[PDB]
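Visitor: Quick one: this structure, given as structure tokens, is what I'll be asking you about.
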Amino acid sequence: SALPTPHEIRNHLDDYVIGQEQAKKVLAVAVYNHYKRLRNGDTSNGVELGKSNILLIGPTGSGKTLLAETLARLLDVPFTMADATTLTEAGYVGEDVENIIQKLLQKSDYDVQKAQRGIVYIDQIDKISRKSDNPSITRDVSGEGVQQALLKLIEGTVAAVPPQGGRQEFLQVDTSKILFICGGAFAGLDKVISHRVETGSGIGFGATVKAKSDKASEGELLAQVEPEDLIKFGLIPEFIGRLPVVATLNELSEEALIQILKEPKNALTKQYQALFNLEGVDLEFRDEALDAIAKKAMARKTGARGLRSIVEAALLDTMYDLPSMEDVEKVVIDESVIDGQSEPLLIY
Amino acid sequence: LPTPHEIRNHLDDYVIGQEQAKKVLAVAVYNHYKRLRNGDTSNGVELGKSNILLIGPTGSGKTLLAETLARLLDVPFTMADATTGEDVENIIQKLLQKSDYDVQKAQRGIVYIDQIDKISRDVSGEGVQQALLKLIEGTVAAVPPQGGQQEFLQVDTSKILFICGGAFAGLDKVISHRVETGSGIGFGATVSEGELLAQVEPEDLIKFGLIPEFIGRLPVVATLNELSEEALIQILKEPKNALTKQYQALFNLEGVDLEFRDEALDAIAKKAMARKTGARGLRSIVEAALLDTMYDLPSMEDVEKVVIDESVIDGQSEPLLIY
Amino acid sequence: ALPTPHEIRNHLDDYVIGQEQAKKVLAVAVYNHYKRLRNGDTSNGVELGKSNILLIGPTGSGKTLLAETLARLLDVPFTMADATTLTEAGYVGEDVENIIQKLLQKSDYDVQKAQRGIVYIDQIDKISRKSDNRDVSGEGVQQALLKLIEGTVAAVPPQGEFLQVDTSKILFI
Ligand SMILES: Nc1ncnc2c1ncn2[C@@H]1O[C@H](COP(=O)(O)OP(=O)(O)OP(O)(O)=S)[C@@H](O)[C@H]1O
Ligand SMILES: Nc1ncnc2c1ncn2[C@@H]1O[C@H](COP(=O)(O)OP(=O)(O)OP(O)(O)=S)[C@@H](O)[C@H]1O
Ligand SMILES: Nc1ncnc2c1ncn2[C@@H]1O[C@H](COP(=O)(O)OP(=O)(O)O)[C@@H](O)[C@H]1O
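Chains as they are written, first to last, in my numbering: chain Y, 1 to 348; chain A, 1001 to 1323; chain B, 2001 to 2173.
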């Protein structure tokens, strides 16, 4: 009945995530502390055990969704994944907040005692930010109105969930023990933080001019974030209080992309290597081709998500004639193959 | 069991004029089912799925490639539409009808979507792309088996392949300025589109309106640029299920011969292109022409053969009869 | 050889006036329906296109009249249903299977004679999809008719076990 440690869970994620050290510590410590809180259940000397949610921040295609999915594999309690862009303020045409709890029970097979001990994740949280700039009569619903509904959910209270797909029977489900991991790529947040921190100068002659912001520093700038910086973005102070912990994820570097195709077991290189291993054929991928693929990805400003297009576009012809081909034991791909000038060398 | 070369020939029998698209679907479907025969038991655990994205004009045979492929492969297949807040559960239950409410057999089925560009730029517009993201990656949806037990069956969405079909409008202008040349308005500046679509990339799709997260799930790309005029004639002659052969077979049991000269088929190509609808707007041209002939053919006696001329399509003349 | 397209148009002219083009279309589809069932799927042409009818016209144009006048001239039974009272999931309003039940009453429970029957529906616009305001009178009803039109078998209690009655051979208007 031994629970996993923060070091053990961190090593498990290293085999599926690359280039994110500070964020791994938060999820490991939070998930570790989560098991302890639910396990004790105000039975030990420690009475009224609190809760601490997590707020992930990082650019697009940085790996936020990856940590949420890979973590659920080793996680014992259930896990779900939703989006807040479709939520509405209790009555509009779009959606209801309790739909999140409905998807949670599907993973737990309608086990209330087991669902309360589960974990929940939210994606695209930046879309919830104030839209109208200190709103007017329009009564923003997609924005501010959504945060107010979540306030009680994140803190803890009973709710109502349809049993088998309704919209006259509702079951109560507490949420004080349920954890939430909100995350969404924020747009323009770097500008807001930079403008606030690095400026103490007027435009006139007498005012002194502070020399700062020499480099962009996207990774090091988000580290200096604070709740007041988010208020200018559009978030409410009450909502930020429900999410005390913060995590800053750095963008992807060129060399980082090479590691993603070699270190993790789910790398596409290992997938295609195993795709031909069943056929009794070997595969190879030289460094001359991997570094070039990273340049094509950054050139297209698509990131690691749009990386399969570069691989499948090259091996399209080879995969077509490979099944019919016989007496072929190994295939070698070169940098020229990625450009398309040459064809991958085949070993008979 | 099949091979890319074997499936290419079968597709060729019912489809023509699209050579590059055949190799794309062949290797894709081949490796897709390979993962089902052998899953995570090999060293390459958690083999990811490769979705497919078709790009071509309307009536360019986008639906036939998915529909005909489904017939060849003994697996279920349904047809979805981008018009149908989430409204994503209807697509799952729609597939179980053909599969007789089977979990494993349905999971290996394929699904097709039409008018995928209609949502690019609200819960029915851009809100649909965001919802599909999880569907095109893997999830489970409740589906009442038989309609009703008070229970539901779980059907993963990682094994089911998706083919997002559609026709992008104005995409040619986006790629021209980015790759070929910035022109169209100047004097020296240059004032088929198919060749341009081959050089398409995901970066151009972002300016079109699509979401990069949505495009990342579909690395495969297909270019059903256009259909040739002769191909239309071949479409009515090479496929065994051609409409020309249907009417020919319709009158065979009646004991009357039918004919279709080449000088009459070329006119149908002009009316088809004039409507900018492709092969879908073909029966309207045929059924509207043969309506007069079919109306009085049973009444007429001692007629063994019928000939349709080019003038007949226009309607100015009457189809020649043979006694 | 009871039906003649040249004669069927002459008979409708007695009871209907002002629609010459529409009368020609019905004579072709109606004649093609029985011409097909005379030799079912035995010809060389495989995957033959299904023959159905879609009447579209303004008010008082005679849509409902053609359905009634046709049945009188015709021998096979006829039914006149409506999409306004149809519901889904066995609700209190009505079920799609009721259309098959009424057909047998006209045919006196003759499956061989019922498969060659005609079907007519009015106010098809009512089942048109609408944005969410549950909506039972909509897409759900269309799905039942779609699987029913594409050809299937539906349970029918004989005389009020159940009987299976194919529908790929039954016409729909
Ligand atoms: N650190 C990483 N290591 C390996 N693969 C990664 C990493 N980060 C991103 N990826 C790849 O990018 C894909 C998408 O990751 P996501 O977590 O969705 O990125 P993202 O920043 O969350 O984008 P969003 O959620 O739309 S803002 C993953 O399935 C991986 O293939
Ligand atoms: N072509 C016609 N010739 C003669 N009388 C007609 C014609 N069409 C309609 N009528 C008259 O209108 C009455 C109703 O005809 P209907 O077929 O119900 O018209 P309708 O347009 O089909 O109505 P709906 O909207 O389809 S229920 C008939 O009983 C006739 O008196
Ligand atoms: N290359 C082709 N060969 C044979 N038939 C074709 C071809 N392209 C289109 N068709 C015809 O077009 C019809 C399907 O059109 P569809 O693909 O649904 O149009 P859209 O893609 O605009 O929905 C089929 O009946 C098919 O016979």
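We put the beta carbon where it would ideally sit given N, CA and C, even for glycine.
Check the C-beta distance from residue 2024(B) over to residue 1247(A) and give it rounded, since I have them as a contact under 8 Å.
Guide: The residue you call residue 2024(B) lines up with position 24 of the third sequence. The residue you call residue 1247(A) lines up with position 247 of the second sequence. Contact flag wrong, Cβ pair sits at about 17 Å.
Visitor: What does residue 2011(B) reach in chain A if we use C-beta pairs closer than 8 Å?
Guide: As a working mapping, residue 2011(B) is identified with position 11 in the third sequence. Going along chain A, no residue has its Cβ under 8 Å from residue 2011(B), so there is no contact; the nearest lies around 14 Å.
Visitor: Could you check where the alpha helix (DSSP H) with residue 1216(A) kicks off and where it finishes?
Guide: Counting from one through the second sequence, the residue named residue 1216(A) turns up at place 216. Note, residue 1216(A): alpha helix (DSSP H), 1212-1216.
Visitor: Is it true that the stretch 1108-1122 of chain A meets the stretch 2149-2163 of chain B, where meeting means three or more beta-carbon pairs spaced less than 8 Å apart?
Guide: no
Visitor: Return yes when the Cβ of residue 2028(B) is within less than 8 Å of the Cβ of residue 2088(B), no when it is not.
Guide: On the third sequence, position 88 is the one that residue 2088(B) refers to. On the third sequence, position 28 is the one that residue 2028(B) refers to. Contact: no.
Visitor: In the DSSP assignment, find the alpha helix (DSSP H) that holds residue 1273(A) and state where it starts and stops.
Guide: Within the second sequence, the letter at position 273 stands for residue 1273(A). It spans 1262-1275 - the alpha helix (DSSP H) in which residue 1273(A) sits, taken as one unbroken run.
Visitor: Give me the Cα-Cα distance between residue 2132(B) and residue 1084(A), rounded to the nearest whole angstrom.
Guide: The residue labelled residue 2132(B) in the question sits at position 132 within the third sequence. The residue labelled residue 1084(A) in the question sits at position 84 within the second sequence. Going by the C-alpha atoms only, they are around 11 Å apart.
Visitor: Would you kindly check if the distance between the Cβ of residue 185(Y) and the Cβ of residue 126(Y) is under 8 Å?
Guide: Within the first sequence, numbered from 1, the residue matching residue 126(Y) stands at position 126. Within the first sequence, numbered from 1, the residue matching residue 185(Y) stands at position 185. In this structure, residue 185(Y) lies closer than 8 Å to residue 126(Y) by Cβ.
Visitor: May I ask you to list, following chain order, the residues of the stretch 2034-2056 of chain B that have a beta carbon less than 7 Å from some beta carbon of chain A?
Guide: 2039, 2043, 2044, 2045, 2046, 2047, 2048, 2049
Visitor: What residues in the stretch 2150-2162 of chain B have a beta carbon less than 8 Å from any beta carbon of chain A?
Guide: none
Visitor: With C-beta atoms as the reference, is residue 242(Y) less than 8 Å away from residue 155(Y)?
Guide: Residue mapping note: residue 242(Y) aligns to position 242 of the first sequence, counting from 1. Residue mapping note: residue 155(Y) aligns to position 155 of the first sequence, counting from 1. Against a cut-off of 8 Å, the Cβ pair of residue 155(Y) and residue 242(Y) comes out as a contact.
Visitor: Check whether the Cβ atoms of residue 1227(A) and residue 1099(A) lie closer than 8 Å to each other.
Guide: Reading the second sequence from its first residue, position 227 is the one you call residue 1227(A). Reading the second sequence from its first residue, position 99 is the one you call residue 1099(A). Result no, Cβ atoms of residue 1227(A) and residue 1099(A) do not sit closer than 8 Å.
Visitor: Name the residues in the stretch 2088-2099 of chain B whose C-beta lies less than 8 Å from a C-beta of chain A; which are they?
Guide: So the close ones are 2089.
Visitor: Which residues neighbour ligand 2 when neighbourhood means a C-beta less than 6 Å away from any of its non-hydrogen atoms? List them by chain order.
Guide: 2016(B), 2017(B), 2018(B), 2019(B), 2059(B), 2060(B), 2061(B), 2062(B), 2063(B), 2064(B), 2065(B), 2122(B)
Visitor: Can you look up residue 319(Y) in the DSSP assignment and give me helix, strand or coil?
Guide: The sequence position of residue 319(Y) within the first sequence is 319, counting from 1. Three-state DSSP puts residue 319(Y) in a helix.
Visitor: Taking a Cβ distance cut-off of 8 Å, strictly less, list which residues of the stretch 196-209 of chain Y are near chain A, in chain order.
Guide: none
Visitor: Could you tell me which chain B residues have their CB closer than 8 Å to the CB of residue 1245(A), listed as they occur along the chain?
Guide: Position 245 of the second sequence, counting from 1, holds the residue named residue 1245(A). What residue 1245(A) touches in chain B: 2045.
Visitor: Can you tell which of 1291(A), 1323(A), 1300(A), 1313(A) has the C-alpha that lies nearest to the C-alpha of residue 2030(B)?
Guide: As a first step, residue 2030(B) must be located in the third sequence, where it is residue number 30. Among 1291(A), 1323(A), 1300(A), 1313(A), the Cα nearest to that of residue 2030(B) belongs to 1291(A).
Visitor: Here's the rule: buried if 16 or more other CB atoms are within 10 angstroms of the residue's CB, otherwise exposed. What is residue 95(Y)?
Guide: The residue given as residue 95(Y) occupies position 95 in the first sequence. Buried, by the Cβ-count rule.
Visitor: According to DSSP, simplified to helix, strand and coil, what is residue 1109(A)?
Guide: For this step, residue 1109(A) is matched to residue 109 along the second sequence. Note: residue 1109(A) maps to coil in three-state DSSP.
Visitor: Flag this pair as yes or no: are the beta carbons of residue 139(Y) and residue 234(Y) separated by less than 8 Å?
Guide: Position 139 of the first sequence, counting from 1, holds the residue named residue 139(Y). Position 234 of the first sequence, counting from 1, holds the residue named residue 234(Y). At the C-beta level, residue 139(Y) and residue 234(Y) stay beyond 8 Å of one another.
Visitor: Hey, is residue 305(Y) close to ligand 1, as in C-beta under 7 Å from one of its heavy atoms?
Guide: Taking the first residue of the first sequence as 1, we reach residue 305(Y) at position 305. Ligand 1 approaches residue 305(Y) closely enough that one of its heavy atoms is under 7 Å from the residue's Cβ.
Visitor: Put residue 185(Y) into one of helix, strand or coil per three-state DSSP.
Guide: By one-based count along the first sequence, residue 185(Y) stands at place 185. In the structure shown, residue 185(Y) sits in coil (DSSP, three-state: anything other than H, G, I, E or B).
Visitor: Residues of chain A with CB under 8 Å from residue 316(Y), in chain order?
Guide: On the first sequence, position 316 is the one that residue 316(Y) refers to. Chain A residues near residue 316(Y): 1023, 1024, 1027.
Visitor: Closer than 7 Å to a non-hydrogen atom of ligand 3 - does that hold for the CB of residue 1119(A)?
Guide: On the second sequence, residue 1119(A) is found 119 positions in, with the first residue counted as 1. Checking the Cβ of residue 1119(A) against ligand 3 gives no.
Visitor: Apart from the five residues on each side of it in sequence, which residues of its chain come closer than 6 Å, Cβ to Cβ, to residue 56(Y)?
Guide: Mapped onto the first sequence, residue 56(Y) falls at position 56. These residues qualify, in order along the chain: 64, 183, 247.
Visitor: Output needed in chain order: residues of the stretch 2128-2149 of chain B with a Cβ under 9 Å from some Cβ in chain A.
Guide: 2129, 2131, 2132, 2139, 2143, 2147
Visitor: Would you mind sorting residue 136(Y) into buried or exposed? The rule is 16 or more other CB atoms within 10 Å of its CB.
Guide: Here residue 136(Y) corresponds to residue number 136 of the first sequence, with the count starting at 1. It counts as exposed.
Visitor: Using the beta-carbon count (16 or more within 10 Å), is residue 244(Y) buried or exposed?
Guide: The residue given as residue 244(Y) occupies position 244 in the first sequence. Residue 244(Y) is exposed by the Cβ-count criterion.
Visitor: For residue 260(Y), does the count of other Cβ atoms within 10 angstroms reach 16, so buried, or fall short, so exposed?
Guide: As a position in the first sequence, residue 260(Y) is number 260, starting the count at 1. Answer is buried; the Cβ neighbour count reaches 16.
Visitor: Ligand 5 and residue 188(Y): does any heavy atom of the ligand fall closer than 7 Å to the residue's C-beta?
Guide: Looking at this structure, you won't find ligand 5 anywhere; what it does contain is ligand 1, ligand 2 and ligand 3.
Visitor: Any idea which residues DSSP pairs residue 2166(B) with across the strands?
Guide: Taking the first residue of the third sequence as position 1, residue 2166(B) is located at position 166. In the DSSP output, where bridge partners are listed per residue, residue 2166(B) has 2153(B).
Visitor: With residue 258(Y) as the anchor, note down where its alpha helix (DSSP H) starts and where it stops.
Guide: Working through the first sequence from its first residue, we reach residue 258(Y) at position 258. Element bounds for residue 258(Y): 254-260.
Visitor: Between residue 2035(B) and residue 2076(B), what straight-line distance do the alpha-carbon atoms span, to the nearest angstrom?
Guide: Numbered from 1 along the third sequence, position 35 holds the residue referred to as residue 2035(B). Numbered from 1 along the third sequence, position 76 holds the residue referred to as residue 2076(B). When rounded, the distance between both Cα atoms is 15 Å.
Visitor: Considering only residues of the same chain and omitting the five flanking positions on each side of residue 1135(A), which have a CB-CB separation below 7 Å?
Guide: Locating residue 1135(A) in the second sequence gives position 135, counting from the first residue. The answer, listed in chain order, is 1088, 1157.
Visitor: Among 1012(A), 1233(A), 1174(A), whose alpha-carbon lies nearest the alpha-carbon of residue 1271(A)?
Guide: Translated into the one-based positions of the second sequence, residue 1271(A) becomes position 271. Measuring from the Cα of residue 1271(A), the nearest candidate turns out to be 1233(A).
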